[PDB]
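In order, the protein sequence lines correspond to chains AK, AF, AG, AC, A1, AD and AH.
Going by the authors' numbering, the first residue of the first sequence is number 28, and it counts up by one from there.
Residues 35 to 53, 61 to 104 (the authors' numbering) are what the second sequence spells out, left to right.
Residues 71 to 176, 198 to 396 (the authors' numbering) are what the third sequence spells out, left to right.
Going by the authors' numbering, the first residue of the fourth sequence is number 36, and it counts up by one from there.
Going by the authors' numbering, the first residue of the fifth sequence is number 52, and it counts up by one from there.
Residues 88 to 107, 126 to 150, 154 to 202 (the authors' numbering) are what the sixth sequence spells out, left to right.
Going by the authors' numbering, the first residue of the seventh sequence is number 61, and it counts up by one from there.
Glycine is no exception: its CB is placed at the ideal position from the N, C-alpha and C atoms.
Beneath this line is the structure, given in structure tokens, with notes to follow.
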Amino acid sequence: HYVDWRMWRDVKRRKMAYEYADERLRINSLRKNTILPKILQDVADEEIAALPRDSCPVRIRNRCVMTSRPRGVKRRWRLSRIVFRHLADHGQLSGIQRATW
Amino acid sequence: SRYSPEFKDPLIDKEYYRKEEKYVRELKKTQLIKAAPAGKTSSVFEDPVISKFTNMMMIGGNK
Amino acid sequence: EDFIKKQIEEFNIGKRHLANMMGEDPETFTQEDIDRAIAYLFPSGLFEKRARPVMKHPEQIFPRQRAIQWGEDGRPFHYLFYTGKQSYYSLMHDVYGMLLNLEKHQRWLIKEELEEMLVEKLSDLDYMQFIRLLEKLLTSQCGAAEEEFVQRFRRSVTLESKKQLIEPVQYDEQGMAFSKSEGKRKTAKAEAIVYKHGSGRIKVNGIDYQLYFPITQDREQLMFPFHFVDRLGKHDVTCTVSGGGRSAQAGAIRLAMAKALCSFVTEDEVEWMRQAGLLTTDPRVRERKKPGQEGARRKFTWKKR
Amino acid sequence: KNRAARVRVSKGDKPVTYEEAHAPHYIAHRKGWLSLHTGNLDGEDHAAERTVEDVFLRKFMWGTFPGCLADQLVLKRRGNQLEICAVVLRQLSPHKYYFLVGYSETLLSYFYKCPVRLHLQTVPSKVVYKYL
Amino acid sequence: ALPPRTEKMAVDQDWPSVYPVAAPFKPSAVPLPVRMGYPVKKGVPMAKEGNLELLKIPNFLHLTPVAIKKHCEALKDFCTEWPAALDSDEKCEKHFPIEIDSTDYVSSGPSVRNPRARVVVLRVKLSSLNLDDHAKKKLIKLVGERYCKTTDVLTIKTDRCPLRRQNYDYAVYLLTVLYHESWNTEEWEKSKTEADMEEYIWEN
Amino acid sequence: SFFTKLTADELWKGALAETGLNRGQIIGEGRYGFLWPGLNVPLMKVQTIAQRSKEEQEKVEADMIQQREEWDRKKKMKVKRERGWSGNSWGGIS
Amino acid sequence: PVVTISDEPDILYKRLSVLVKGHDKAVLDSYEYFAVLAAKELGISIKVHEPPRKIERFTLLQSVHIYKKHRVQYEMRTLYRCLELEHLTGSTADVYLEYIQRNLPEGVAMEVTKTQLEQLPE
RNA sequence: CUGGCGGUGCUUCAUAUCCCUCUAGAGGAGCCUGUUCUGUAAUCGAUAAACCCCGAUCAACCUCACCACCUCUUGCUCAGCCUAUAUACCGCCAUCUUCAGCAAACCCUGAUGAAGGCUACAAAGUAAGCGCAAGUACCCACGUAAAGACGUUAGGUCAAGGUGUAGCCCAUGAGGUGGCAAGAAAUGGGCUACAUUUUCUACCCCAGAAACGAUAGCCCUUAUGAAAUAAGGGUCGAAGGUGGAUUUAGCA
Ligand SMILES: [Mg+2]
Ligand SMILES: [Mg+2]
Ligand SMILES: [Mg+2]
Ligand SMILES: [Mg+2]
Ligand SMILES: [Mg+2]
Ligand SMILES: [Mg+2]
Ligand SMILES: [Mg+2]
Ligand SMILES: [Mg+2]
């Protein structure tokens with residue numbers, strides 16, 4: 028029930044990236060290492076490469092939440108400032124308002 | 035306007051105060074005073090000619 | 071006019087309720103109790119002196135609508151109703167008659204206060220003419236009763252804060268009282284602890300001023316207090332520093348030393364120093380990178396293209 | 036010409052309500068805070084979800100009450116709930132009001148597992164504050 | 052017309068009973084006509100009948116000072132009195148100087164869990180427990196950022212686990228294992244070095 | 088989607104464009138064929157729980173659409189305007 | 061209104077460090093007054109201070125789409141109100157927290173209490 | 001008669017402003033950053049104040065809704081619609097705005113014409129309403145913050161949501177690898193340095209000399225990983241030559 032298809036793209040990417048993380052971290056740690064020759068390093072590289080596409084946090088693009096709008100989006104609030112700015116103007120945000128100084 | 039219309043600079047003259062005038066002194070007292078600067082320190086070594094020479098020779102604000 | 075009485079009755083009922091129901095059982099509770107209640111059980115979360123909950127006498131807050139000057143059958147009671155602002159014209163006529171009589175014999200308030208006292212409009216030229224008439228009556232050589240009645244409006248002028256007093260000198264530890272002051276200059280801080288009489292050296296946490304100010308202008312700035320007081324070497328110090336850099340810290344230390352010295356210096360010298368300005372702070376902070384610009388103050392380059 | 040929440044004047048005959056008659060910068064001067072949640076702190080989590088829930092419940096209560104709202108809502112938070120202070124406009128009958136309130140409460144409780152009990156304030160005429 | 056217990060309420064009534072449960076302002080049941088609103092150049096703050104500024108306020112009408120005092124005097128029970136432990140935390144440190152920190156934040160909304168406020172240390176004095184006196188020449192330097200200059204705050208912090216009860220259990224087990232493996236010294240316990248001495252031990 | 092939802096007065100103003126409401130959709134009677142003790146039955150005096161067939165609800169919706177069409181037709185009702193001197197003008201009109 | 065006092069061992073808080081965060085000053089003052097009243101009714105002292113705010117401003121473009129000339133200033137404030145307590149039984153502390161949370165201001169006036177237990181030794 | 005316009009006359013103001021004075025930088029070369037677009041299977045919207053260090057707060061793919069190759073009728077949405085419509089809007093923002101007026105309801109005048117209504121030693125003007133004003137925050141009420149009103153620019157946006165007409169109905173849609181991130185041709189801006197306090201060192205302001213710039217490559221692709229743009233580690237430790245009007249803000 029998302030607006031644009033980029034929303035579903037990013038949702039699937041995030042899901043398939045969060046599916047597996049233990050092996051990813053293990054192989055990332057095994058990579059950068061002076062111990063053990065390059066044999067096991069290349070073996071682990073081929074293993075991590077054998078994984079399917081999509082399943083990867085690299086493809087995750089932190090956009091907004093309305094219709095995927097990566098334009099000054101705040102990851103702390105996820106959703107863009109489309110409605111957040113409206114609230115900050117009205118006053119529906121406990122604190123987040125115009126910097127009165 | 036970075037300078038506030040309330041605060042105003044002081045008067046560093048003091049050699050003359052060693053002996061109308063009382064009214065001027067009271068007026069000077071009744072004035073929003075400020076602190077003196079470090080670059081243009083109007084002390085004993087504040088020679089106007091040499092002061093201006095150094096100010097002009099100032100590069101990158103290193104008086 | 072009926073609305074004024076209705077609101078007065080409503081305010082009286084509200085006062086009676088807030089007195090009886092709440093713990094504050096005395097009906098003579100002042101506005102301090104209402105302010106405390108507003109601060110506690112009405113966290114407005116604001117700071118406006120107007121929008122905040124202000125429930126007091128309606129006459130003190132409402133622009134009272136002048137009641138009907140005449141009842142039935144018309145006939146305005148005042149003999150100067152068709153002149154607009156009967157009170158102002160009546161006062162002007164009274165002043166003119168007083169001036170004529172006194173001739174035959176041979198600070199002011201603000202428009203807002205007058206409008207609050209009465210309920211008649213007022214312009215600028217009318218107030219100017221009124222001030223002119225007042226000055227004429229005051230400087231035209233008159234009796235005493237009229238002059239007093241005219242000056243009655245010239246209420247207090249408010250004249251407070253002028254000279255400086257002695258700072259906390261602290262008469263403890265020993266007979267030689269030692270003061271504790273502080274100085275600030277452009278986000279700087281420095282507390283100086285100048286002792287009383289005692290020729291020796293001006294120390295700074297063990298380091299002398301000679302070992303702390305390699306510059307000559309810094310030496311002159313640090314000496315200015317003693318240079319003016321003429322007491323070169325007679326007080327010890329143990330000033331501290333926290334924050335700043337070079338000139339800012341120097342100015343803070345200078346201010347702290349000047350305050351600690353004025354704490355035990357002749358009143359005349361203290362006043363002369365305060366006039367010199369070495370006892371206050373100059374709020375001059377570095378620039379602020381504007382958000383709608385590029386650099387510190389330089390706006391966008393080709394924004395107009 | 037920026038025109039956020041401030042309304043542009045046209046003629047002195049605009050029956051605007053109280054909250055609607057306030058600029059969007061008076062949040063710290065005249066205008067208060069409608070909705071509140073720890074998400075807008077420095078710094079606590081739980082912000083995006085709270086804002087989404089608030090924006091959804093606002094439209095939900097405005098739709099369930101078509102035209103029966105004298106002005107915008109004023110959300111709140113006390114426990115595992117979300118109190119909604121509204122100035123209802125006397126339009127339908129009290130029986131219908133009670134029925135709809137109970138239905139919405141039960142539906143929200145069985146949907147979000149959070150009893151969002153609201154509060155009403157029946158007022159016939161809209162609280163006109165200014166004639167912009 | 053004539054709402055219930057609003058303006059016709061008997062004057063001088065128990066205010067604590069007027070707002071027993073936390074609820075919004077509800078101007079239809081408040082005998083205090085507060086003048087809330089912003090004044091116009093020739094206007095007056097809107098009446099109390101409908102002021103959204105009163106609802107935007109978090110509202111503290113419930114639990115007034117008198118009501119707060121009554122509720123406190125009532126809830127004085129449902130608790131357990133504490134013995135004359137003497138304030139200032141001096142005797143507490145003289146006896147049991149153990150002090151494990153723990154905090155808890157607050158959140159608004161459906162969720163209540165907040166695992167972020169789980170910071171916990173393992174501050175337990177070694178000399179106070181009195182079970183491995185031989186560790187004086189060991190734990191004085193084996194542990195990290197300790198060996199203070201002036202004061203003395205021995206804390207074998209080991210926040211490698213989140214919980215607190217299991218933290219204390221692990222602390223007890225670690226003290227036992229340290230006793231065991233220290234009463235049978237390793238190697239360089241006494242024969243330290245020639246340029247690093249926290250406590251004098253031959254040679255030199 | 089839900090993010091594509093907002094008010095209706097704004098959409099109406101946008102569709103109109105003049106620069107440079127739930128009557129047919131009842132609120133009381135459920136839009137789904139159902140009977141309840143509240144309304145549509147004796148106001149609490154046979155208070156029970158029943159359900160209407162989807163065909164009955166479709167017929168009710170068709171009746172509401174017919175009411176909307178009747179209102180629209182009423183909006184098309186003509187009026188009498190006396191012609192002043194010149195046709196379709198305010199000449200000698202009163 | 062029953063004591064319900066048992067005979068099991070309880071925990072004793074050693075120096076209960078308390079801190080309340082809040083944006084504006086009116087709500088914070090109301091909260092601190094309520095807390096001080098509750099503490100005085102319980103019988104505990106407190107101590108406050110005058111800390112500054114927390115300027116965590118975050119600026120972004122003014123218009124939602126094109127245009128970047130002028131930005132917007134958005135930031136939140138917070139004033140720390142320390143009201144640390146000292147010596148209080150576990151049940152008393154629990155009841156105090158319950159009474160404080162039964163009416164805590166949502167969003168504004170965020171509490172930051174830091175407990176310090178002891179846990180008896182072996 | 002109203003307005004526009006005048007190298008249109010007179011009078012008063014501009015206080016970094018319009019000049020009579022002064023500062024660091026563009027008008028000399030390389031990396032990043034955009035645009036119209038020739039490569040192309042590669043959205044490109046504004047393209048003189050109102051558009052480009054705007055998605056850029058970053059073009060290995062994610063950004064990319066473009067085709068080389070496959071997909072479907074229930075189209076995750078009772079779809080996608082980025083397929084035209086923003087010169088059809090709601091909504092959002094920009095200059096004038098370095099401003100002070102803008103108006104409902106009334107009255108008077110012009111033999112009762114479009115229209116005008118100012119002379120305080122006072123000749124017809126009264127003016128609720130909005131704004132300047134006023135009021136409010138951190139460190140005060142100052143300094144920093146919010147507003148800069150009616151309106152020209154049919155100012156820009158289907159590109160955050162729907163949107164006046166048309167249509168793809170077995171896609172004009174999006175989803176699986178690839179790609180556009182070098183300049184046919186024109187060019188602004190951020191950094192490297194254009195030399196004697198540039199580059200090197202000590203006294204934490206006790207002095208001089210040759211008279212200096214990996215700017216990019218290659219692997220580990222950092223930061224991750226199906227697959228690698230300024231790189232943390234092994235090869236550029238040199239080479240450029242303050243430029244003529246004009247230009248940006250700046251009273252401490
Ligand atoms: Mg600048
Ligand atoms: Mg005709
Ligand atoms: Mg499309
Ligand atoms: Mg457009
Ligand atoms: Mg402007
Ligand atoms: Mg502003
Ligand atoms: Mg404003
Ligand atoms: Mg356009």
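Taking contact to mean at least 3 C-beta pairs separated by less than 8 Å, is the region 165–173 of chain AH in contact with the region 145–158 of chain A1?
Counting Cβ pairs under 8 Å, three or more are found: they touch.
Closer than 8 Å, CB to CB, is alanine 341 (chain AG) near chain AF or not?
Numbered from 1 along the third sequence, position 250 holds the residue referred to as residue 341 (chain AG). Cβ-Cβ to chain AF under 8 Å: yes for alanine 341 (chain AG).
Among the residues of its own chain, which have a CB less than 8 Å from the CB of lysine 142 (chain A1), if the five just before and after it don't count?
To locate residue 142 (chain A1), count along the fifth sequence from 1; it is residue 91. So the qualifying residues of the chain are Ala136.
Going by DSSP in three states, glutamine 384 (chain AG) sits in which element: helix, strand or coil?
Position 293 of the third sequence, counted from the first residue, corresponds to residue 384 (chain AG). It is coil, neither helix nor strand.
Is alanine 158 (chain AD) helix, strand or coil when you go by DSSP?
As a position in the sixth sequence, residue 158 (chain AD) is number 50, starting the count at 1. In the structure shown, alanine 158 (chain AD) sits in a strand (DSSP, three-state: E or B).
Tell me whether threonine 82 (chain AF) is buried or exposed, calling it buried when 16 or more other Cβ atoms sit within 10 Å of its Cβ.
Within the second sequence, residue 82 (chain AF) is the residue found at index 41, counting from 1. So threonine 82 (chain AF) ends up on the buried side.
Work out the CA separation of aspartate 63 (chain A1) and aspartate 103 (chain AG) for me, nearest whole Å.
Numbered from 1 along the third sequence, position 33 holds the residue referred to as residue 103 (chain AG). Numbered from 1 along the fifth sequence, position 12 holds the residue referred to as residue 63 (chain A1). Cα to Cα, the separation comes out at about 17 Å.
Can you tell me the Cβ-Cβ gap for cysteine 91 (chain AK) and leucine 114 (chain AK), rounded? I've got them flagged as a contact below 8 Å.
Taking the first residue of the first sequence as 1, we reach residue 91 (chain AK) at position 64. Taking the first residue of the first sequence as 1, we reach residue 114 (chain AK) at position 87. That pair is no contact at about 15 Å.
Could you confirm whether any beta carbon from chain AD is found closer than 8 Å to the beta carbon of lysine 131 (chain AC)?
In the fourth sequence, counting from the first residue as 1, residue 131 (chain AC) sits at position 96. At least one chain AD Cβ lies under 8 Å of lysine 131 (chain AC).
Beta strand (DSSP E) containing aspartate 155 (chain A1): first to last residue?
The residue given as residue 155 (chain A1) occupies position 104 in the fifth sequence. Per DSSP, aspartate 155 (chain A1) belongs to the beta strand (DSSP E) from 151–155.
Suppose you measure from the CA of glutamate 144 (chain AH) to the CA of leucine 102 (chain AH); what does that come to, to the nearest Å?
In the seventh sequence, residue 144 (chain AH) corresponds to position 84, counting from 1. In the seventh sequence, residue 102 (chain AH) corresponds to position 42, counting from 1. Taking the CA atoms as reference points, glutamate 144 (chain AH) sits about 14 Å from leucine 102 (chain AH).
Would you verify that the beta carbon of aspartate 106 (chain AC) is, or is not, closer than 8 Å to some beta carbon of chain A1?
Counting from 1 along the fourth sequence, the entry for residue 106 (chain AC) is found at position 71. Chain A1 contact via Cβ: present.
Please list the residues of the region 74–108 of chain AK that have a C-beta atom closer than 8 Å to any C-beta atom in chain AC, keeping them in chain order.
From the region 74–108 of chain AK, only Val92, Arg103, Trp104, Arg105 and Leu106 have a Cβ closer than 8 Å to chain AC.
Counting C-beta neighbours from all protein chains within 10 Å, is the total for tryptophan 239 (chain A1) 16 or more, i.e. buried, or is it exposed?
Against the fifth sequence, residue 239 (chain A1) aligns to sequence position 188. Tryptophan 239 (chain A1) should be labelled exposed.
Does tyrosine 166 (chain AC) come out as helix, strand or coil in the three-state DSSP assignment?
The sequence position of residue 166 (chain AC) within the fourth sequence is 131, counting from 1. Strand at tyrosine 166 (chain AC).
List, from N- to C-terminal side, the beta strand (DSSP E) runs of 3 residues or more that fit wholly inside the region 221–307 of chain AG.
272–274 and 281–283
Just checking: is the beta-carbon of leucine 224 (chain AG) within a distance shorter than 8 Å of some beta-carbon in chain AF?
Counting from one through the third sequence, the residue named residue 224 (chain AG) turns up at place 133. No, its Cβ sits nowhere closer than 8 Å to a Cβ of chain AF.
With contact counted as at least three CB pairs below 8 Å, one residue from each stretch, are the region 46–57 of chain AK and the region 69–87 of chain AK in contact?
Three or more beta-carbon pairs separated by less than 8 Å link the region 46–57 of chain AK to the region 69–87 of chain AK, which places the two stretches in contact.
In its own chain, which residues sit with a C-beta less than 6 Å from the C-beta of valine 122 (chain AC), not counting the 5 before and 5 after it?
As a working mapping, residue 122 (chain AC) is identified with position 87 in the fourth sequence. Answer for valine 122 (chain AC): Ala105, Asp106, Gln156 and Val158, listed in chain order.
Tell me whether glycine 386 (chain AG), by its Cβ, gets closer than 7 Å to a heavy atom of ligand 1.
Taking the third sequence and counting its residues from 1, one reaches residue 386 (chain AG) at position 295. Indeed, a heavy atom of ligand 1 lies less than 7 Å from the Cβ.
Along chain AK, which residues have their Cβ under 7 Å away from the Cβ of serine 88 (chain AD)?
In the sixth sequence, counting from the first residue as 1, residue 88 (chain AD) sits at position 1. The contacting residues are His28, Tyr29 and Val30.
One question on the structure: do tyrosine 286 (chain AG) and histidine 318 (chain AG) come within less than 8 Å of each other, judged by their Cβ atoms?
Taking the first residue of the third sequence as 1, we reach residue 286 (chain AG) at position 195. Taking the first residue of the third sequence as 1, we reach residue 318 (chain AG) at position 227. Going by C-beta atoms, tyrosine 286 (chain AG) is not nearer than 8 Å to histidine 318 (chain AG).
Exposed or buried, which one is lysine 93 (chain AF) when buried takes at least 16 other CB atoms within 10 Å?
Position 52 of the second sequence, counting from 1, holds the residue named residue 93 (chain AF). It counts as exposed.
List the whole-angstrom C-beta distance separating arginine 117 (chain AH) from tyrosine 140 (chain AH), where the pair is believed to meet the contact cut-off of C-beta under 8 Å.
Taking the first residue of the seventh sequence as position 1, residue 117 (chain AH) is located at position 57. Taking the first residue of the seventh sequence as position 1, residue 140 (chain AH) is located at position 80. With a Cβ gap of about 19 Å, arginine 117 (chain AH) and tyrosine 140 (chain AH) do not count as contacting.
For ligand 7, list every residue whose C-beta falls under 7 Å from any of its heavy atoms, going in chain order.
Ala58 (chain AC) and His60 (chain AC)
Hey, does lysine 161 (chain AC) have any beta-carbon neighbour from chain AD nearer than 8 Å?
Here the question's residue 161 (chain AC) lines up with position 126 in the fourth sequence. For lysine 161 (chain AC), the answer is no, since every Cβ of chain AD falls outside 8 Å of its Cβ.
Examine chain AF for any beta-carbon lying closer than 8 Å to the beta-carbon of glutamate 362 (chain AG), and answer yes or no.
The residue you call residue 362 (chain AG) lines up with position 271 of the third sequence. Chain AF, which has a Cβ nearer than 8 Å to the Cβ of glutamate 362 (chain AG), makes this yes.
Does the structure place the region 83–92 of chain AH close enough to the region 118–128 of chain AH that three or more beta carbon pairs sit under 8 Å?
no
Could you give the distance in angstroms between the alpha-carbon of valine 172 (chain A1) and the alpha-carbon of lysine 145 (chain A1)?
Start at 1 with the first residue of the fifth sequence, and residue 172 (chain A1) comes out as number 121. Start at 1 with the first residue of the fifth sequence, and residue 145 (chain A1) comes out as number 94. Cα-Cα distance, rounded: 20 Å.
Express the C-alpha separation of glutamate 80 (chain AG) and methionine 60 (chain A1) in angstroms, rounding to a whole number.
Here residue 60 (chain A1) refers to the residue found at position 9 when the fifth sequence is read from its first residue. Here residue 80 (chain AG) refers to the residue found at position 10 when the third sequence is read from its first residue. Approximately 15 Å between the Cα atoms of the pair.
Determine, using beta carbons only, whether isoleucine 108 (chain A1) comes closer than 8 Å to chain AC.
Taking the fifth sequence and counting its residues from 1, the one referred to as residue 108 (chain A1) is at position 57. Yes, its Cβ sits closer than 8 Å to a Cβ of chain AC.
Pick from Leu323 (chain AG), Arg375 (chain AG), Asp359 (chain AG) and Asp95 (chain AG): whose alpha carbon is nearest that of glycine 342 (chain AG)?
Locating residue 342 (chain AG) in the third sequence gives position 251, counting from the first residue. Of the candidates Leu323 (chain AG), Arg375 (chain AG), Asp359 (chain AG) and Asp95 (chain AG), the one whose C-alpha sits nearest the C-alpha of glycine 342 (chain AG) is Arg375 (chain AG).
So, does the region 267–282 of chain AG touch the region 348–357 of chain AG, judging by three or more C-beta pairs under 8 Å?
yes
Quick one: which residues of the region 53–73 of chain AC get their C-beta closer than 9 Å to a C-beta of chain AH? List them in chain order.
For the region 53–73 of chain AC, the residues whose beta carbon sits under 9 Å from a beta carbon of chain AH are, in order, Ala63, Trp68, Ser70, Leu71, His72 and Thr73.
On the premise that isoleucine 108 (chain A1) lies in contact with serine 114 (chain AG), defined as a C-beta separation below 8 Å, what is that separation, rounded to the nearest angstrom?
Position 44 of the third sequence, counting from 1, holds the residue named residue 114 (chain AG). Position 57 of the fifth sequence, counting from 1, holds the residue named residue 108 (chain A1). Confirmed, Cβ separation roughly 6 Å.
Count the CB pairs spanning the region 162–176 of chain AD and the region 133–140 of chain AD that are closer than 8 Å, and state whether there are at least three.
Look at the beta carbons and you see the region 162–176 of chain AD touching the region 133–140 of chain AD: at least three pairs across the two are nearer than 8 Å.
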